[PDB]
Amino acid sequence: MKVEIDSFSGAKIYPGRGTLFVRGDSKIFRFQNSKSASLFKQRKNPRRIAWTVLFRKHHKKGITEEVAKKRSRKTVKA
Amino acid sequence: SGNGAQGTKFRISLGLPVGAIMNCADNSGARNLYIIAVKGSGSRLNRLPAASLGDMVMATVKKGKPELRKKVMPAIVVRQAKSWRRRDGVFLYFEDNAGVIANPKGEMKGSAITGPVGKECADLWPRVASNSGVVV
Amino acid sequence: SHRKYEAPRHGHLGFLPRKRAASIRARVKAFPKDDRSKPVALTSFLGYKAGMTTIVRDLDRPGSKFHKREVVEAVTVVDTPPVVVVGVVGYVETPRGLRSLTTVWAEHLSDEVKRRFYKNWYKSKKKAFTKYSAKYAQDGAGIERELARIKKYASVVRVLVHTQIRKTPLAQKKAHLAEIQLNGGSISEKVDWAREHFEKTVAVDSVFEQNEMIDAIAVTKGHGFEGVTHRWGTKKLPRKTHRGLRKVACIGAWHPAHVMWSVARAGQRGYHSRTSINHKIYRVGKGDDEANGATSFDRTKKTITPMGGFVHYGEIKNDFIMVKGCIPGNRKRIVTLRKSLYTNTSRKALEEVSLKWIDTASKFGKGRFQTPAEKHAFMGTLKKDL
RNA sequence: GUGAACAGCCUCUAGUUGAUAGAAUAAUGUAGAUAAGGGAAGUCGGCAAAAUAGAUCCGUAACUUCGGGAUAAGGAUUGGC
RNA sequence: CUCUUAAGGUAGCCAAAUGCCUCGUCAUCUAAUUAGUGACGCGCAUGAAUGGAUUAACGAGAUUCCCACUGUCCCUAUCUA
RNA sequence: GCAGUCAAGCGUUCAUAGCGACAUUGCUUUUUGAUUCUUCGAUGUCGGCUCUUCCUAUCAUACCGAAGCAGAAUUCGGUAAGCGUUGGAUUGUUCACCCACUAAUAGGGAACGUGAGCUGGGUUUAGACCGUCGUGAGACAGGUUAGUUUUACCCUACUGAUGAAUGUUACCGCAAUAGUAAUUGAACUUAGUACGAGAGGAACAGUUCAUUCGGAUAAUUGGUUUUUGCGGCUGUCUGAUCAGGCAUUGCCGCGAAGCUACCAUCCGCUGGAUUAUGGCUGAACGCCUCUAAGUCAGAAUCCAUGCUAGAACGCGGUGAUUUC
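Protein chains in written order, with PDB author numbering: chain LW, 1 to 78; chain LV, 2 to 137; chain LB, 2 to 387.
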């Protein structure tokens, strides 16, 4: 079993759960719940919904994962 | 389905009863198809014979070339727009009811198909599987 | 006349009278057939239905398109604590039926079973089996002779058992009690097995085993006095229908100038005793263990118990049974299991089952997570936490 | 007050707080509503219900008793600061 | 050519709310139409202020089709007082 | 309307594979009539909607037989009513004619079933129009349009729900009786094999699915929402803010729980006795014959297994059985 991701909220989907939608351009979306599906039908944007992973990312909430890339200072020595 | 069947079909929820209209997917010179009958339907009082995906139906053309209008012809359903379940557990649905034209033994009148189809149809109607760009 | 467009009937005439059961515990109207060669085992069991959940496995049904491929299935869960054995009775055959002649009980009984012989426990001396218990303590005289009588007669035997209700979350305290037939051999050996298991406990593993097909019996759910359209399935009359439309219009003709038993009328729906067969088992589970809901693929130490417990039942700290499909009975209800009567090969009953994943997500909502730790790791820490 | 408006909704002055009550929430009803996918296949019959709806801007056919048709049709916008 | 009338239905219109036979024949509309519309006319039994033919606008009039719309229906379900 | 008897002829030849003239015997009461027994101090009078049941004169399905049956398809017939017998255009229609699916789209009865069950399109009041007839009022199974559908709270029946008395009370049970349900199809393989010159073209077993029906359930999907749960929006009122009131549940979005849907999922048993028919032995009739005696196999049949209720006057086992 593969565990899929919500196209809208970024949440996780376990099997037998949520829905799957297929748009006229032959694209796929996966929804965990009728909530997300209904807002998608209402053609909202997730970047302005406050309980989404995209929102929290773009606003840098829970962003303690990535810190920095250090700087190297060392000669060839060869 | 029926004579052109490359096998069997697990059930899928009915969305397309008669009097229905579904867009045409192929390049046969049609726009919409008006369903009137379903091969394989049963018989219960005051129930409308309904179609689903993969099914073969009889249909007319309310818009398109007069070379095709005003006669009845076999058609296939490839998109349903109603949620149906797969045995892998997921429910799914397209956005539009869509079908194509065919002969009784499966061959298509057109050559190409626009937009996606259902695997439940591409696994049953092989000529559709060839002219399909997408299968899901 | 000659009803214009023929059609079938609305309803089965074999599940009549559609009335209430006389006892919430349904009665096994048939036990399997005996083979007097096998060892001594039970043909049945009791358990309290908890609720459904969701299950994914991999199929072995050649010929199908879903072969060696994952599919989901919906199961139901039964809390089957270790049942207790108190007594056996003996039926002998007559031209007018199997007839009991003796019921023999054990000495010490629990105050969750001898509540079943009272309707008002809080004001009583509890005064039950106190003289039957003094019938013991002189070695076996009035008891072993009854057993010998049973061995001397009694082509058929049935064992009395009672649930250990208290181990469940329920607020009943009043053990359910039941007769269960044995289908070992040597009726003497049967009653000896019993006499040994008196005041003792029986688990479900000894009886049922995985991939076994069974029958489930229970009193279905109650909905009450309901009308014809939802009790049977008639047509709703059209809209412009004076004097109501969720009715049946013609309930008979002028002759026979009476109303027939076959006509759809209104009344009770639910609380009927029903039997549903060929319900495969997918798992037996031990409550003396965690990882009950764990497999060889998931390997996350979680129980079958979902998040927030089951709805209106609670937890499954006891042993349990996970069986395919939807069986009669609403949650918290007693459920009488039973082994099948016939052998069903079918290419669909001999299937060997190996699960892949189990759902512990909440049923009190659109549960996203299967586990609180998963939830914590996904969301991150919160205000409550530190 | 809103608002084109003695429309509808709210409120002040004045007046009533009268209409047999209580406890539960089964069917069938009366009144009101909502419903996936399809969309009159129902039906004597699109009955009933829904949809549309105000204002501003654009655009407006056949036909005509040249006065009308015409809010034709059919489209867009509409808040708060 | 003939018989006959006071004169012999002219112009116009039609299976029309008037046409028996009759679901008239042809075409179109529909997948399919005793319906509808347009044409034909030996018209049981059209027809000229018993008003004829037509006619824009209007019609809580009768009628058919199309678009939108929808629980009318497939097929029922649920809630409220 | 249906079925028979005979058999002239058709059928290449051939009366009877299938048909069947001239004649003739019958059934039925789903046509229409004849009659006028009942009803005029009223039996609610067409068709459709719904719903059940019954019949068989079987459309299909199961098993069989015959063939002008090579295969396929098809026709005649037998046991059998167990099971199912549609969606639609037009018409007020029944009847009908077409489109299409279908395994099949058989016929009919029950006060020409069914109006305190619906509708009220038609006929069949009163209004009005036309045509023809009539001097005229007016007539016309000639046409058109509009036109109030009442009451059940009684008895029974039915469906469900209790319930006195059986020494009491509680538990566990038996099962007389009654009811009964499962149905049908396609694909793959069998096999492009059998069969046949070729054209063409099967079946049994097996497997996977599906149709119709039913019974449960509600993990998931969907619907519903007075959780008036959360949030938002308008107008107004509380001086403003916060928090809220009213708008016949104010409106919108989401929405748990519960209820629910082939709009979701699961499940839907196997043994015996037989029919038609084919047979064994075997006489009658020294032979032959499925029958006379006896007997074998055999259907969607029948009875059981199983499933549902449990006789409130059918029953059993068991526990405890009041002291002032």
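Idealized CB from N, CA, C, for every residue including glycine.
| query | So residue 161/LB packs on residue 90/LB, CB below 8 Å; how close in whole Å? | reply | 7 Å
| query | Is the Cβ-Cβ distance between residue 58/LV and residue 118/LV less than 8 Å? | reply | no
| query | If you scan the stretch 335-362 of chain LB from start to end, which runs of the beta strand (DSSP E) of 3 or more residues do you find wholly inside it? | reply | 335-340, 356-359
| message | Any contact between the stretch 303-314 of chain LB and the stretch 361-370 of chain LB? By contact I mean 3 or more CB pairs, one from each, below 8 Å. | response | yes
| query | Are the C-beta atoms of residue 68/LV and some chain LW residue less than 8 Å apart? | reply | no
| Looking only at DSSP bridge pairs, what is residue 21/LW linked to? | 29/LW, 94/LV
| said: I believe residue 115/LB touches residue 130/LB by the beta-carbon criterion, under 8 Å. Please report the beta-carbon distance rounded to the nearest angstrom. | reply: 7 Å
| request: Note down, in chain order, every chain LW residue with its Cβ under 9 Å from the Cβ of residue 362/LB. | output: 14, 17
| message | For chain LW, check one thing: does any of its Cβ atoms lie closer than 8 Å to the Cβ of residue 116/LV? | response | yes
| field | Backbone secondary structure at residue 103/LB - three-state DSSP | value | strand
| query | Since residue 1/LV and residue 104/LV are thought to touch, with beta carbons under 8 Å apart, how far apart are those beta carbons, to the nearest angstrom? | reply | Residue coverage of chain LV in this structure runs from 2 to 137, which leaves residue 1/LV outside it and unanswerable.
| query | Should residue 325/LB be flagged as near chain LW, meaning a C-beta pair shorter than 8 Å? | reply | no
| request: Find out if the Cβ-Cβ distance for the pair residue 314/LB, residue 300/LB is shorter than 8 Å. | output: no
| query | Would a C-beta distance cut-off of 8 Å place residue 15/LV and residue 38/LV closer than the cut-off? | reply | no
| Host alpha helix (DSSP H) of residue 143/LB (start-end) | 142-153
| query | Is it a yes or a no for the stretch 204-216 of chain LB touching the stretch 57-72 of chain LB, going by three-plus beta-carbon pairs under 8 Å? | reply | no
| task | Pull up the distance between the alpha-carbon of residue 109/LV and that of residue 133/LV, whole angstroms please. | result | 12 Å
| query | Secondary structure at residue 189/LB, three-state DSSP: helix, strand or coil? | reply | helix
| query | Sorted by chain position, which residues of the same chain lie with C-beta nearer than 7 Å to residue 192/LB's C-beta, five sequence neighbours on each side aside? | reply | 89, 148, 151, 152, 158
| To which residues does DSSP link residue 277/LB through a beta bridge? | 217/LB
| request: For residue 11/LW, go through chain LB and note every residue whose CB falls closer than 7 Å to its CB, in chain order. | output: 369
| field | Best match in 22/LB, 113/LB, 12/LB for proximity to residue 222/LB [C-alpha to C-alpha] | value | 22/LB
| request: Assign residue 6/LB to one of three DSSP states: helix, strand, or coil. | output: coil
| message | Considering only heavy atoms of the ligand NAP, does any lie closer than 7 Å to the CB of residue 305/LB? | response | With respect to the ligand NAP, the structure offers nothing, as it holds no ligand at all.
| query | What residues in its chain sit with their C-beta under 6 Å from that of residue 274/LB, if we drop five residues either side in the sequence? | reply | 22, 27, 220
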